[PDB]
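Chemist: Going down the list, the protein sequences come from chains B, C, D and A.
For the record, in the first sequence the residue sitting at position 162 is 162 according to the authors' numbering, with numbers rising by one throughout.
For the record, in the second sequence the residue sitting at position 126 is 126 according to the authors' numbering, with numbers rising by one throughout.
For the record, in the third sequence the residue sitting at position 168 is 168 according to the authors' numbering, with numbers rising by one throughout.
For the record, in the fourth sequence the residue sitting at position 91 is 91 according to the authors' numbering, with numbers rising by one throughout.
Dropping a structure here in structure tokens format, bear with me for questions.
Protein chains: 4
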Amino acid sequence: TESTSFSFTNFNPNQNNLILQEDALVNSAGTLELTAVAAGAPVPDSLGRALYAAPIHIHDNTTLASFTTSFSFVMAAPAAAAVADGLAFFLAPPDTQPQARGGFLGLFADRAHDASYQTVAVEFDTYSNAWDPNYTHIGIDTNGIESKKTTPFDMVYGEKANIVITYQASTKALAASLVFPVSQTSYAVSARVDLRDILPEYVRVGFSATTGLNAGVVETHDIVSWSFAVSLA
Amino acid sequence: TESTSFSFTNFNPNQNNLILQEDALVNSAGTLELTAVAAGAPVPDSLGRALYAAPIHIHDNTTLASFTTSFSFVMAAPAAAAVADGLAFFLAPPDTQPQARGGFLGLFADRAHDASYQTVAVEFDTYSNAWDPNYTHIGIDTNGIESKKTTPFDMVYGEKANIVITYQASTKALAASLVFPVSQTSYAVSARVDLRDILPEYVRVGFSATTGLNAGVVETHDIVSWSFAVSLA
Amino acid sequence: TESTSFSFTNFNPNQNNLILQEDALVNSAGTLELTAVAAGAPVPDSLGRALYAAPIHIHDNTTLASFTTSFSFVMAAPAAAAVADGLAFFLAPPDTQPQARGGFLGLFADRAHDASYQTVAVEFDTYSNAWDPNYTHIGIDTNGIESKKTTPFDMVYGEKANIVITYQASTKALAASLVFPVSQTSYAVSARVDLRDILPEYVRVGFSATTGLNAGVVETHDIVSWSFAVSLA
Amino acid sequence: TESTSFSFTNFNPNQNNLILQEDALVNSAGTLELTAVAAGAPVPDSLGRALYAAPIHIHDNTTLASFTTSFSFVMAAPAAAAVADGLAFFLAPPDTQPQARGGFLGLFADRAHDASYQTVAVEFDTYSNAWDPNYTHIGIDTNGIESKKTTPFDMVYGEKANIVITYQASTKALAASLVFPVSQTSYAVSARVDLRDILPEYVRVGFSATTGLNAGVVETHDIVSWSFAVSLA
Ligand SMILES: *[C@@H]1O[C@H](CO)[C@@H](O[C@@H]2O[C@H](CO)[C@@H](O)[C@H](O)[C@H]2NC(C)=O)[C@H](O[C@@H]2O[C@@H](C)[C@@H](O)[C@@H](O)[C@@H]2O)[C@H]1NC(C)=O
Ligand SMILES: *[C@@H]1O[C@H](CO)[C@@H](O[C@@H]2O[C@H](CO)[C@@H](O)[C@H](O)[C@H]2NC(C)=O)[C@H](O[C@@H]2O[C@@H](C)[C@@H](O)[C@@H](O)[C@@H]2O)[C@H]1NC(C)=O
Ligand SMILES: *[C@@H]1O[C@H](CO)[C@@H](O[C@@H]2O[C@H](CO)[C@@H](O)[C@H](O)[C@H]2NC(C)=O)[C@H](O[C@@H]2O[C@@H](C)[C@@H](O)[C@@H](O)[C@@H]2O)[C@H]1NC(C)=O
Ligand SMILES: *[C@@H]1O[C@H](CO)[C@@H](O[C@@H]2O[C@H](CO)[C@@H](O)[C@H](O)[C@H]2NC(C)=O)[C@H](O[C@@H]2O[C@@H](C)[C@@H](O)[C@@H](O)[C@@H]2O)[C@H]1NC(C)=O
Ligand SMILES: [Ca+2]
Ligand SMILES: [Ca+2]
Ligand SMILES: [Ca+2]
Ligand SMILES: [Ca+2]
Ligand SMILES: [Mn+2]
Ligand SMILES: [Mn+2]
Ligand SMILES: [Mn+2]
Ligand SMILES: [Mn+2]
Numbered sequence: 001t002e003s004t005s006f007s008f009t010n011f012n013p014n015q016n017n018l019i020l021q022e023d024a025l026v027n028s029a030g031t032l033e034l035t036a037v038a039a040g041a042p043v044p045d046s047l048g049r050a051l052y053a054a055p056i057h058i059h060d061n062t063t064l065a066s067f068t069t070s071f072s073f074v075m076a077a078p079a080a081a082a083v084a085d086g087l088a089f090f091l092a093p094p095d096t097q098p099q100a101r102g103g104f105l106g107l108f109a110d111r112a113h114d115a116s117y118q119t120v121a122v123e124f125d126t127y128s129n130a131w132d133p134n135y136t137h138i139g140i141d142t143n144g145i146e147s148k149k150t151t152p153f154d155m156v157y158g159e160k161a162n163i164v165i166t167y168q169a170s171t172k173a174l175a176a177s178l179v180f181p182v183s184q185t186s187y188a189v190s191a192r193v194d195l196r197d198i199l200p201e202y203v204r205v206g207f208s209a210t211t212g213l214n215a216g217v218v219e220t221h222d223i224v225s226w227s228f229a230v231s232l233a
Numbered sequence: 001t002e003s004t005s006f007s008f009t010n011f012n013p014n015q016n017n018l019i020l021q022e023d024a025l026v027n028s029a030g031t032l033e034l035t036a037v038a039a040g041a042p043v044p045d046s047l048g049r050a051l052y053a054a055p056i057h058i059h060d061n062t063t064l065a066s067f068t069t070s071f072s073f074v075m076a077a078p079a080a081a082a083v084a085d086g087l088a089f090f091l092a093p094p095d096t097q098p099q100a101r102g103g104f105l106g107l108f109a110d111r112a113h114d115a116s117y118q119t120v121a122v123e124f125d126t127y128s129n130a131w132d133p134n135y136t137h138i139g140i141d142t143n144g145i146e147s148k149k150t151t152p153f154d155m156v157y158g159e160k161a162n163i164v165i166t167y168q169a170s171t172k173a174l175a176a177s178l179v180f181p182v183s184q185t186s187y188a189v190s191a192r193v194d195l196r197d198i199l200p201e202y203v204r205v206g207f208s209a210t211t212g213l214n215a216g217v218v219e220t221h222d223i224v225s226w227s228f229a230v231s232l233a
Numbered sequence: 001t002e003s004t005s006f007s008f009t010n011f012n013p014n015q016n017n018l019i020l021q022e023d024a025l026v027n028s029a030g031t032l033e034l035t036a037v038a039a040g041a042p043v044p045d046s047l048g049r050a051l052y053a054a055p056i057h058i059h060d061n062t063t064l065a066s067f068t069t070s071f072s073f074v075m076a077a078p079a080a081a082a083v084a085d086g087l088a089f090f091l092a093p094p095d096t097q098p099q100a101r102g103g104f105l106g107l108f109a110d111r112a113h114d115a116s117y118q119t120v121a122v123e124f125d126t127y128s129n130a131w132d133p134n135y136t137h138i139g140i141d142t143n144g145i146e147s148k149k150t151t152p153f154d155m156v157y158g159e160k161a162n163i164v165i166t167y168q169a170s171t172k173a174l175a176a177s178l179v180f181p182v183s184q185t186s187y188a189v190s191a192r193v194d195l196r197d198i199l200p201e202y203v204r205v206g207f208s209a210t211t212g213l214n215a216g217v218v219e220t221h222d223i224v225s226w227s228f229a230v231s232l233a
Numbered sequence: 001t002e003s004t005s006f007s008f009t010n011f012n013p014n015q016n017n018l019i020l021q022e023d024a025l026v027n028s029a030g031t032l033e034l035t036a037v038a039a040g041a042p043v044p045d046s047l048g049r050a051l052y053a054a055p056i057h058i059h060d061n062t063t064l065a066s067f068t069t070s071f072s073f074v075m076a077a078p079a080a081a082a083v084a085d086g087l088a089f090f091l092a093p094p095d096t097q098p099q100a101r102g103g104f105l106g107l108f109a110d111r112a113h114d115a116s117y118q119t120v121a122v123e124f125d126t127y128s129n130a131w132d133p134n135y136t137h138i139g140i141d142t143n144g145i146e147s148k149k150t151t152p153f154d155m156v157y158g159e160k161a162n163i164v165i166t167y168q169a170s171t172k173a174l175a176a177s178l179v180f181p182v183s184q185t186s187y188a189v190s191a192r193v194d195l196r197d198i199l200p201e202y203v204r205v206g207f208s209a210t211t212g213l214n215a216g217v218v219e220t221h222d223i224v225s226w227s228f229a230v231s232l233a
């Protein structure tokens, strides 16, 4: 048996147990800024990822782990109608490096599906690319930017969101939920996927986010709190 | 700081840490049968309730507690169309006793709202009464059977369901999600409610269920697993 | 599998999830006072016990649960020279009632060993009765006041002490350690005992304590904090 | 607030979440052989270390964290009176590297007390060096191999032992206890140490062990299970 848990109520500028890539960085306020913020306004062409230092044993060939994770984020926008591109929580191999920005969220290099990405991601996509449905949406990505499944949702800017993602091993279900606590709205999605055909035994977990490739088509991507727990029986 | 937590992966006929009211009972297969089962058939006119033996501290007048709970259930039915009445997870005063059966779920005596009930419930409602919407639903009940908010959902008889209910003290958000892992469908609702105004400091928690009042309009109400956690920081 | 856990960093005078017996009572300052305190002084002839409300599943005939519990207490004495009688942590049948005061610590009726007590206790004994070693001591009581095993220790009055008691199921070992963190001294005992032969499947756990029967041979018995976890795999 | 926890009931040869140094390796049976084992006998001159991948946040300059760790080990020896050199659990800067073998257990280079070590350790010492007492002992190393405090203890080769180390912030108490369950003997030690003055904000945790520098003066140093939890309020 094996277990890994961790939780953050706020981050520090010198979070030695977090791996920060590209522009990610932590405020002097304790908030984790995935994408760059200059004046107090989002910048375009930005990419940032944050990973937890230790790999988690997510399966051992014959048995799968269960896991639960909760986080809360905030997106601000100078113009709530021209925004991009989104954030994602993901799982991938321990040696994962940033990919292409803009629409690819730093998780892929192009629009093809490729078994070698070995990446599973849950995305909150705010810019309709050619591979997207024409509305803001949540999507489950198995090895590609073109989701396995998506559902519509309405972003509320300036409002702290609460996310919960769970994977039950006995049914091999991965479920995600999103609630806007003050606005009182919630959205949920579920798919089955056997992690043993997709991932290596050990992965790293974390966040990724990008801003649009043009001026004014832009938004913040802040992580506010984060907790995670796994169990391998 | 105060916390409570418990989990059951299955039950035992002599579960002295549960309080079983009316018909509720535990199987030879270790499954909590809230309502009565004759051969392998649900009997009508049944009422069951099961509570945790320890009262829990859900608020101290000025501060609210956070809590999360997970349970799984199964409803079975000889006839998928003649069904009633549903099951519910609830919070109430420690000395709570069963109320009326049928569409009242063993939680209320009639259909009027009344602050003296001091009860909060998330209901899984399978039969439309005069006070219901005309479709299968999940509702949040605050001191009454007439829900204060509902959303539609479609049952899947014969399939284990996963439910998660979280309460976040800082935003007073009550949120529920329900997933059919095998059929891959999920539903979510959320409301804002200040428990300090509704409940006493200490409550007991658990489930209540009822079968319909007429022969042949009936379903089982089995609880398969359950876990709970509270934090009063 | 079943789990049970709770923690208290401080108490409330109306702690509905504890069972207060005889003299036990909680201060306006949140300190559990097991034996009576008049103006700042402990009273003689005092007896008091406190238990967590929910029974816990400690064995099921074939398998033992493992458990861990931590608590801190303080003893205050007008004269460190004449003190009695001590405090004990114990497991017992859910319906357990207080027995004799004084040297029996509210756990037993007289000095005989009787398998029907179904009581196991770890005691901090501050007065040498005829059935005791001549020195202050920690003791392990199996169905009787006359300890099955003891080690000597010296009480430091006025200092908050830290106690940790663990039972490991696979080796059937019961272990206790005590540390006075500021004075920097520590004590420890262990012994092997199969609970399936002694206790019923379900038990309540808690503390018990008493003062001397003669004016002036007295001390306080204050529980300041408490946490517990059990796991039955 | 931040937390970190993990636990291993057994290990795997490809434990990517552990950092293995020098000779450290994992058996085909799931035991972490800190020091080399050739036929079925220990090897002289061996040095092994193992750390958890993620650094842990032990303080933020003003507030200290609390922590609890539990592990089990087994030492085997061909000849009970020709054994060396012992094993240790420790905290050190994230980029800690192995030091001198033999009686330094791989934590120190010589025998001075240099504050630039930034290392705290609890050793189980099996061979008397010049700086040691003339008996097997548990010692508390703060920035040097010459323990700041020790107590005697009698080893029991072949028997699995249980160690529990707890650090408490409010009192700045470090406390160790060791139990030989089947043999029913236990030992304990405690000391007061402010980790803000010794350790950096983030440290790694783990075990180190060495065999004797001379042919035949040897013993194995195996880790069977390990559990760890921290909280920085
Ligand atoms: C553990 O041992 C107990 C003592 O034998 C069991 O209780 C006994 O169970 C018999 C059923 O096989 C029953 O006819 C006996 O009259 C009963 N005796 C007593 C002292 O209660 C206990 O069995 C469980 O508890 C009882 C009350 C029933 O609900 C049974 O269905 C249970 O098996 C044993 N517990 C377990 C978990 O097996
Ligand atoms: C939260 O509010 C309750 C009602 O406003 C408090 O109970 C009341 O406490 C009064 C003194 O504060 C007491 O004289 C009243 O009789 C009592 N009213 C009721 C409904 O019992 C409660 O105080 C706690 O509980 C009571 C029973 C006392 O034992 C107090 O010592 C307790 O503090 C309030 N709870 C807290 C933690 O403030
Ligand atoms: C999970 O399956 C893996 C691939 O089939 C195992 O790795 C393979 O193990 C072989 C030895 O049995 C070895 O020769 C192969 O080169 C290796 N393949 C790869 C891609 O590394 C893996 O076994 C674990 O990992 C290897 C590296 C060794 O350390 C084994 O001792 C480990 O058990 C399987 N993991 C488990 C938990 O069985
Ligand atoms: C704990 O104390 C450390 C020593 O004073 C702090 O590091 C120092 O912070 C200064 C910022 O006010 C900075 O100029 C110094 O260069 C730095 N010293 C070193 C040795 O790096 C530390 O502050 C954190 O660490 C530095 C790198 C910054 O990133 C700060 O923003 C961090 O807060 C103190 N840690 C905390 C939690 O304050
Ligand atoms: Ca897009
Ligand atoms: Ca209805
Ligand atoms: Ca005595
Ligand atoms: Ca030595
Ligand atoms: Mn998309
Ligand atoms: Mn309804
Ligand atoms: Mn005694
Ligand atoms: Mn030494």
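No residue lacks a Cβ here, since even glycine has one placed at the ideal position from N, Cα and C.
(1) For the segment 56–131 of chain B, list the alpha helix (DSSP H) runs that are entirely contained and at least 4 residues long, ordered along the chain.
(2) Over the uninterrupted beta strand (DSSP E) stretch that includes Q15(C), give me the two end residues.
(3) Along chain B, which residues have their Cβ under 9 Å away from the Cβ of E159(A)?
(4) Answer yes or no: do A54(A) and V43(A) have a C-beta to C-beta separation smaller than 8 Å?
(5) Are the segment 3–12 of chain C and the segment 124–138 of chain B touching, with three or more C-beta to C-beta distances below 8 Å?
(6) Helix, strand or coil for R196(A)? Go by DSSP, reduced to three states.
(7) Would you say the beta carbon of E33(B) comes nearer than 7 Å to a heavy atom of ligand 4?
(8) Whose Cβ in chain B lies nearer than 7 Å to the Cβ of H57(A)?
(9) In the DSSP output, which residue or residues are listed as bridge partners for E22(D)?
(10) Give a yes or no on whether 8 Å exceeds the smallest Cβ distance from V189(D) to chain A.
(11) For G30(A), report the span of its beta strand (DSSP E) as first-last.
(12) Hey, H221(C) and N17(D): beta-carbon distance below 8 Å or not?
(13) Which value, in whole angstroms, describes the spacing of the CA atoms of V74(A) and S66(A)?
(14) In the DSSP assignment, find the beta strand (DSSP E) that holds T150(B) and state where it starts and stops.
(15) Please classify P181(B): is it buried, with 16 or more other beta-carbons within 10 angstroms of its beta-carbon, or exposed?
(16) Just how far apart, CA to CA, sit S225(D) and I19(B)?
(17) Decide if the segment 107–116 of chain B is in contact with the segment 147–154 of chain B; the criterion is three or more beta carbon pairs, one per stretch, under 8 Å apart.
(18) From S5(A), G48(A) and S231(A), pick the residue whose C-alpha is nearest to that of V26(A); which is it?
(19) Can you list, in chain order, the residues of its chain whose CB lies under 8 Å from that of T171(B), leaving out five sequence neighbours each side?
(20) Can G86(C) be considered in contact with ligand 7, in the sense that its beta carbon sits closer than 7 Å to one or more heavy atoms?
(21) In the DSSP assignment, find the beta strand (DSSP E) that holds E2(C) and state where it starts and stops.
(22) Any heavy atom of ligand 2 closer than 7 Å to the Cβ of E159(D)?
(23) Assuming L87(C) and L34(C) are in contact, meaning their beta carbons sit under 8 Å apart, how far apart are those beta carbons, in whole angstroms?
(24) Who are the Cβ neighbours of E2(D) in its own chain at under 7 Å, not counting the five residues just before and after it?
(25) Express the C-alpha separation of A173(D) and residue 260(A) in angstroms, rounding to a whole number.
(26) Shorter than 7 Å, the distance from the beta carbon of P13(B) to the closest heavy atom of ligand 4, or not?
(27) Is there at least one non-hydrogen atom of ligand 8 closer than 7 Å to the beta-carbon of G103(A)?
Modeler: The short version:
(1) none
(2) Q15(C) -> no beta strand (DSSP E), and no H or E assigned at all.
(3) Per Cβ cutoff of 9 Å: no residues; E159(A) is ~22 Å from chain B at best.
(4) no
(5) no
(6) Under the three-state reduction of DSSP, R196(A) is assigned to coil, being neither helix nor strand.
(7) Flag unset: Cβ of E33(B) not near ligand 4.
(8) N17
(9) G48(D)
(10) yes
(11) Element bounds for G30(A): n/a, residue is neither H nor E.
(12) no
(13) 27 Å
(14) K149 to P152
(15) buried
(16) 37 Å
(17) no
(18) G48(A)
(19) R192
(20) no
(21) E2 to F8
(22) no
(23) 6 Å
(24) Once the five neighbours on either side are set aside, the close Cβ partners of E2(D) are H57 and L232.
(25) Outside the displayed span of chain A (1 to 233) sits residue 260(A), for which this structure offers no information.
(26) In this structure, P13(B) has its beta carbon less than 7 Å from a heavy atom of ligand 4.
(27) yes
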